[PDB]
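S.K.: The following file, protein-v2.cif, comprises mmCIF, C-alpha atoms:
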```cif
data_my_file
#
loop_
_atom_site.group_PDB
_atom_site.id
_atom_site.type_symbol
_atom_site.label_atom_id
_atom_site.label_comp_id
_atom_site.auth_asym_id
_atom_site.auth_seq_id
_atom_site.Cartn_x
_atom_site.Cartn_y
_atom_site.Cartn_z
ATOM 1 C CA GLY A 287 27.863 -26.775 -85.560
ATOM 2 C CA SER A 288 29.488 -26.904 -82.131
ATOM 3 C CA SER A 289 30.495 -29.813 -79.897
ATOM 4 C CA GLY A 290 33.409 -31.378 -78.044
ATOM 5 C CA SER A 291 32.498 -32.856 -74.667
ATOM 6 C CA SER A 292 31.866 -36.302 -73.188
ATOM 7 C CA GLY A 293 29.292 -37.498 -70.673
ATOM 8 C CA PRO A 294 30.316 -40.851 -69.156
ATOM 9 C CA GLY A 295 28.871 -42.364 -65.995
ATOM 10 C CA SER A 296 26.197 -45.030 -65.599
ATOM 11 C CA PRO A 297 24.655 -46.939 -62.662
ATOM 12 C CA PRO A 298 27.257 -49.676 -62.033
ATOM 13 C CA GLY A 299 26.180 -53.308 -62.199
ATOM 14 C CA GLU A 300 28.411 -55.464 -60.011
ATOM 15 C CA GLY A 301 28.018 -56.922 -56.533
ATOM 16 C CA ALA A 302 24.413 -55.802 -56.125
ATOM 17 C CA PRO A 303 21.527 -58.268 -56.601
ATOM 18 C CA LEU A 304 21.014 -59.345 -60.214
ATOM 19 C CA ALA A 305 17.439 -58.058 -60.048
ATOM 20 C CA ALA A 306 16.595 -57.861 -63.751
ATOM 21 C CA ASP A 307 12.979 -56.873 -63.109
ATOM 22 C CA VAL A 308 11.569 -53.609 -64.463
ATOM 23 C CA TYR A 309 8.637 -51.960 -62.691
ATOM 24 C CA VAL A 310 5.780 -50.405 -64.663
ATOM 25 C CA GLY A 311 2.980 -48.400 -63.079
ATOM 26 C CA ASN A 312 0.521 -45.618 -63.874
ATOM 27 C CA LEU A 313 -1.351 -47.565 -66.552
ATOM 28 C CA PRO A 314 -4.469 -46.220 -68.316
ATOM 29 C CA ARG A 315 -7.931 -46.864 -66.879
ATOM 30 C CA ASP A 316 -8.583 -49.877 -69.107
ATOM 31 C CA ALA A 317 -5.099 -50.389 -70.542
ATOM 32 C CA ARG A 318 -4.420 -53.572 -72.509
ATOM 33 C CA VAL A 319 -1.311 -55.737 -72.156
ATOM 34 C CA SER A 320 -1.096 -55.682 -75.953
ATOM 35 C CA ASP A 321 -0.668 -51.907 -76.137
ATOM 36 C CA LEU A 322 2.407 -52.300 -73.933
ATOM 37 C CA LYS A 323 3.688 -55.506 -75.530
ATOM 38 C CA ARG A 324 3.599 -54.011 -79.027
ATOM 39 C CA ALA A 325 5.748 -51.022 -78.069
ATOM 40 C CA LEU A 326 8.118 -53.454 -76.355
ATOM 41 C CA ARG A 327 8.283 -55.625 -79.473
ATOM 42 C CA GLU A 328 9.064 -52.787 -81.884
ATOM 43 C CA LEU A 329 11.524 -51.466 -79.299
ATOM 44 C CA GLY A 330 13.238 -54.847 -79.253
ATOM 45 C CA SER A 331 12.503 -54.883 -75.529
ATOM 46 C CA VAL A 332 10.803 -58.282 -75.357
ATOM 47 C CA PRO A 333 11.589 -60.006 -72.033
ATOM 48 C CA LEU A 334 11.174 -63.697 -71.211
ATOM 49 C CA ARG A 335 8.142 -63.127 -68.986
ATOM 50 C CA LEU A 336 5.762 -60.221 -68.384
ATOM 51 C CA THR A 337 3.398 -59.887 -65.423
ATOM 52 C CA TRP A 338 0.511 -57.590 -66.346
ATOM 53 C CA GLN A 339 -2.216 -56.671 -63.860
ATOM 54 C CA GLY A 340 -5.595 -55.104 -64.573
ATOM 55 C CA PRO A 341 -7.378 -53.864 -61.432
ATOM 56 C CA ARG A 342 -3.892 -53.191 -60.069
ATOM 57 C CA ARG A 343 -2.708 -51.433 -63.228
ATOM 58 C CA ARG A 344 0.862 -52.701 -62.894
ATOM 59 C CA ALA A 345 3.454 -54.434 -65.074
ATOM 60 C CA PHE A 346 6.661 -56.342 -64.339
ATOM 61 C CA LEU A 347 9.163 -57.176 -67.081
ATOM 62 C CA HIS A 348 11.553 -60.041 -66.340
ATOM 63 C CA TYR A 349 14.719 -59.893 -68.443
ATOM 64 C CA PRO A 350 17.349 -62.654 -68.773
ATOM 65 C CA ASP A 351 20.043 -60.605 -67.038
ATOM 66 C CA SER A 352 20.485 -57.108 -65.607
ATOM 67 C CA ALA A 353 22.292 -55.980 -68.758
ATOM 68 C CA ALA A 354 19.266 -56.853 -70.889
ATOM 69 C CA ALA A 355 17.009 -54.973 -68.474
ATOM 70 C CA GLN A 356 19.115 -51.823 -68.149
ATOM 71 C CA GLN A 357 19.369 -51.427 -71.923
ATOM 72 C CA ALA A 358 15.602 -51.831 -72.258
ATOM 73 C CA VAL A 359 14.710 -49.395 -69.476
ATOM 74 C CA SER A 360 16.722 -46.547 -70.995
ATOM 75 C CA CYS A 361 14.632 -47.111 -74.122
ATOM 76 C CA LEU A 362 11.282 -47.623 -72.393
ATOM 77 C CA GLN A 363 11.801 -44.351 -70.525
ATOM 78 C CA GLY A 364 9.724 -41.471 -71.853
ATOM 79 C CA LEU A 365 7.375 -43.841 -73.664
ATOM 80 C CA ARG A 366 3.801 -43.127 -72.579
ATOM 81 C CA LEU A 367 0.293 -44.272 -73.505
ATOM 82 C CA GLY A 368 -2.170 -41.510 -74.336
ATOM 83 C CA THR A 369 -1.817 -38.519 -72.026
ATOM 84 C CA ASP A 370 -0.685 -40.157 -68.786
ATOM 85 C CA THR A 371 3.058 -40.803 -68.585
ATOM 86 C CA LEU A 372 3.662 -44.390 -67.474
ATOM 87 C CA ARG A 373 6.017 -44.688 -64.502
ATOM 88 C CA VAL A 374 8.782 -47.010 -65.696
ATOM 89 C CA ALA A 375 11.832 -47.690 -63.528
ATOM 90 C CA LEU A 376 14.018 -50.598 -62.418
ATOM 91 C CA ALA A 377 12.117 -52.444 -59.692
ATOM 92 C CA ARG A 378 14.061 -51.947 -56.462
ATOM 93 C CA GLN A 379 13.002 -52.461 -52.844
ATOM 94 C CA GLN A 380 14.681 -53.290 -49.533
ATOM 95 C CA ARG A 381 12.398 -56.098 -48.365
ATOM 96 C CA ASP A 382 14.318 -58.288 -45.918
ATOM 97 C CA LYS A 383 12.476 -60.981 -43.963
#
```
Kindly return the structure encoded in the file as structure tokens.

M.R.:
Amino acid sequence: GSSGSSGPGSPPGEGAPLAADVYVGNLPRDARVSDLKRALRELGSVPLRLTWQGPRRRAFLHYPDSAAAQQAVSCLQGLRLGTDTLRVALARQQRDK
């Protein structure tokens, strides 16, 4: 074997909006909320609320607090349904009225 190095450094979580909403796009043609839910369940990534859209092919996971979200995301990452690789990433947008 061979090892002996660290790799610290993670997107801080203080001061910025407590937006604990994860964005999910690039869903199959006729994807089913279940398909996604299941994976989330087994992955212990079950949020309080989940907004799934059909014709729009989008999904929004609402976690209790940022922490909960972050942890989940890292896990969700990579996960894909079929051939297409779902586009999962913390929902962030600068929309100021």

S.K.: Counting only C-alpha atoms, which residue out of A:329, A:313, A:319, A:345 sits closest to residue 371 in chain A?

M.R.: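 The answer is A:313, which sits nearest to residue 371 in chain A.
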
S.K.: Counting only C-alpha atoms, which residue out of A:300, A:362, A:382, A:291 sits closest to residue 328 in chain A?

M.R.: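 Counting only C-alpha atoms, the residue closest to residue 328 in chain A is A:362.
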
S.K.: In Å, how far is it from CA of residue 352 in chain A to CA of residue 368 in chain A?

M.R.: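 Separation of CA of residue 352 in chain A and CA of residue 368 in chain A: 28.9 Å.
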
S.K.: What does the distance from CA of residue 338 in chain A to CA of residue 376 in chain A come to in Å, to one decimal?

M.R.: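 Computed distance, CA of residue 338 in chain A to CA of residue 376 in chain A, equals 15.7 Å.
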
S.K.: Could you check which of A:290, A:330, A:311, A:364 is closest to residue 346 in chain A, using only C-alpha atoms?

M.R.: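 Answer, going by the shortest atom-to-atom distance: A:311.
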
S.K.: Residues proximal to (-6.9, -49.2, -65.4) were defined as those with any atom within 12 Å of that point in the file's coordinates, counting only C-alpha atoms. Which are they, as a PyMOL selection string?

M.R.: chain A and resi 311-319+338-345+367+370+372

S.K.: Give the answer as one residue: which of A:320, A:373, A:333, A:297 has the shortest atom-to-atom distance to residue 355 in chain A, using only C-alpha atoms?

M.R.: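 When distances to residue 355 in chain A are compared using only C-alpha atoms, the smallest one comes from A:333.
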
S.K.: Hey, can you check how far CA of residue 351 in chain A sits from CA of residue 305 in chain A?

M.R.: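 Between these atoms lies a distance of 7.9 Å.
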
S.K.: Just want the 12 Å neighbourhood of residue 350 in chain A, counted on all atoms listed in the file, with same-chain residues fewer than 6 positions away dropped. Output as a PyMOL selection string.

M.R.: chain A and resi 304-308+331-336+356-358

S.K.: Taking into account only C-alpha atoms, which residue in the set A:322, A:303, A:361, A:327 is nearest to residue 379 in chain A?

M.R.: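 Smallest distance to residue 379 in chain A is found for A:303.
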
S.K.: Using only C-alpha atoms, which residue out of A:375, A:365, A:360, A:353 lies closest to residue 299 in chain A?

M.R.: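 Result for the nearest residue to residue 299 in chain A: A:353.
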
S.K.: Output range 329-352 of chain A from the block with N, CA and C atoms, as a PDB file, in the first residue's frame?

M.R.:
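Once written, out.pdb looks like this:
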```pdb
ATOM      1  N   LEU A 329     -30.702   5.689   0.532  1.00  0.00           N
ATOM      2  CA  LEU A 329     -29.538   6.541   0.747  1.00  0.00           C
ATOM      3  C   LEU A 329     -29.723   7.415   1.984  1.00  0.00           C
ATOM      4  N   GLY A 330     -30.774   7.133   2.748  1.00  0.00           N
ATOM      5  CA  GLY A 330     -31.043   7.902   3.950  1.00  0.00           C
ATOM      6  C   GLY A 330     -31.186   9.385   3.670  1.00  0.00           C
ATOM      7  N   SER A 331     -31.451   9.726   2.413  1.00  0.00           N
ATOM      8  CA  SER A 331     -31.606  11.119   2.015  1.00  0.00           C
ATOM      9  C   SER A 331     -33.076  11.464   1.803  1.00  0.00           C
ATOM     10  N   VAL A 332     -33.881  11.263   2.842  1.00  0.00           N
ATOM     11  CA  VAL A 332     -35.308  11.553   2.772  1.00  0.00           C
ATOM     12  C   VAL A 332     -35.630  12.892   3.426  1.00  0.00           C
ATOM     13  N   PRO A 333     -35.866  13.916   2.593  1.00  0.00           N
ATOM     14  CA  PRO A 333     -36.190  15.264   3.068  1.00  0.00           C
ATOM     15  C   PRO A 333     -37.624  15.371   3.575  1.00  0.00           C
ATOM     16  N   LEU A 334     -37.966  16.528   4.130  1.00  0.00           N
ATOM     17  CA  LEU A 334     -39.308  16.760   4.654  1.00  0.00           C
ATOM     18  C   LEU A 334     -40.325  16.853   3.521  1.00  0.00           C
ATOM     19  N   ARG A 335     -39.965  17.579   2.468  1.00  0.00           N
ATOM     20  CA  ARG A 335     -40.846  17.747   1.318  1.00  0.00           C
ATOM     21  C   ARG A 335     -40.075  17.579   0.013  1.00  0.00           C
ATOM     22  N   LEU A 336     -40.763  17.099  -1.017  1.00  0.00           N
ATOM     23  CA  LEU A 336     -40.143  16.890  -2.321  1.00  0.00           C
ATOM     24  C   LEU A 336     -41.080  17.321  -3.445  1.00  0.00           C
ATOM     25  N   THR A 337     -40.649  18.312  -4.221  1.00  0.00           N
ATOM     26  CA  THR A 337     -41.449  18.817  -5.330  1.00  0.00           C
ATOM     27  C   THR A 337     -41.021  18.183  -6.649  1.00  0.00           C
ATOM     28  N   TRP A 338     -41.809  17.225  -7.123  1.00  0.00           N
ATOM     29  CA  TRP A 338     -41.511  16.540  -8.375  1.00  0.00           C
ATOM     30  C   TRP A 338     -42.421  17.033  -9.494  1.00  0.00           C
ATOM     31  N   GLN A 339     -41.831  17.301 -10.656  1.00  0.00           N
ATOM     32  CA  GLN A 339     -42.590  17.780 -11.805  1.00  0.00           C
ATOM     33  C   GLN A 339     -42.452  16.824 -12.986  1.00  0.00           C
ATOM     34  N   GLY A 340     -43.552  16.610 -13.699  1.00  0.00           N
ATOM     35  CA  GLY A 340     -43.532  15.718 -14.844  1.00  0.00           C
ATOM     36  C   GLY A 340     -43.091  16.415 -16.115  1.00  0.00           C
ATOM     37  N   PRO A 341     -44.045  17.058 -16.804  1.00  0.00           N
ATOM     38  CA  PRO A 341     -43.773  17.776 -18.052  1.00  0.00           C
ATOM     39  C   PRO A 341     -42.528  18.652 -17.957  1.00  0.00           C
ATOM     40  N   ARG A 342     -42.216  19.100 -16.744  1.00  0.00           N
ATOM     41  CA  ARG A 342     -41.051  19.947 -16.519  1.00  0.00           C
ATOM     42  C   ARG A 342     -39.802  19.101 -16.288  1.00  0.00           C
ATOM     43  N   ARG A 343     -39.998  17.890 -15.779  1.00  0.00           N
ATOM     44  CA  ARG A 343     -38.888  16.985 -15.511  1.00  0.00           C
ATOM     45  C   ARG A 343     -37.904  17.609 -14.527  1.00  0.00           C
ATOM     46  N   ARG A 344     -38.420  18.066 -13.390  1.00  0.00           N
ATOM     47  CA  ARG A 344     -37.587  18.686 -12.367  1.00  0.00           C
ATOM     48  C   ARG A 344     -37.925  18.137 -10.984  1.00  0.00           C
ATOM     49  N   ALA A 345     -37.022  18.350 -10.033  1.00  0.00           N
ATOM     50  CA  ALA A 345     -37.225  17.878  -8.668  1.00  0.00           C
ATOM     51  C   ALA A 345     -36.516  18.780  -7.663  1.00  0.00           C
ATOM     52  N   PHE A 346     -37.218  19.127  -6.590  1.00  0.00           N
ATOM     53  CA  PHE A 346     -36.656  19.988  -5.555  1.00  0.00           C
ATOM     54  C   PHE A 346     -36.793  19.344  -4.179  1.00  0.00           C
ATOM     55  N   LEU A 347     -35.659  19.042  -3.557  1.00  0.00           N
ATOM     56  CA  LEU A 347     -35.651  18.423  -2.236  1.00  0.00           C
ATOM     57  C   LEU A 347     -35.451  19.470  -1.145  1.00  0.00           C
ATOM     58  N   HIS A 348     -36.411  19.555  -0.231  1.00  0.00           N
ATOM     59  CA  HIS A 348     -36.340  20.512   0.867  1.00  0.00           C
ATOM     60  C   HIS A 348     -35.915  19.825   2.161  1.00  0.00           C
ATOM     61  N   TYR A 349     -34.693  20.104   2.601  1.00  0.00           N
ATOM     62  CA  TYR A 349     -34.166  19.510   3.823  1.00  0.00           C
ATOM     63  C   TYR A 349     -34.333  20.459   5.006  1.00  0.00           C
ATOM     64  N   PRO A 350     -34.439  19.885   6.214  1.00  0.00           N
ATOM     65  CA  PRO A 350     -34.603  20.660   7.447  1.00  0.00           C
ATOM     66  C   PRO A 350     -33.646  21.847   7.518  1.00  0.00           C
ATOM     67  N   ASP A 351     -32.353  21.564   7.408  1.00  0.00           N
ATOM     68  CA  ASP A 351     -31.336  22.608   7.458  1.00  0.00           C
ATOM     69  C   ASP A 351     -30.222  22.331   6.454  1.00  0.00           C
ATOM     70  N   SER A 352     -29.482  23.375   6.094  1.00  0.00           N
ATOM     71  CA  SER A 352     -28.390  23.244   5.139  1.00  0.00           C
ATOM     72  C   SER A 352     -27.605  21.959   5.382  1.00  0.00           C
TER      73      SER A 352
END
```
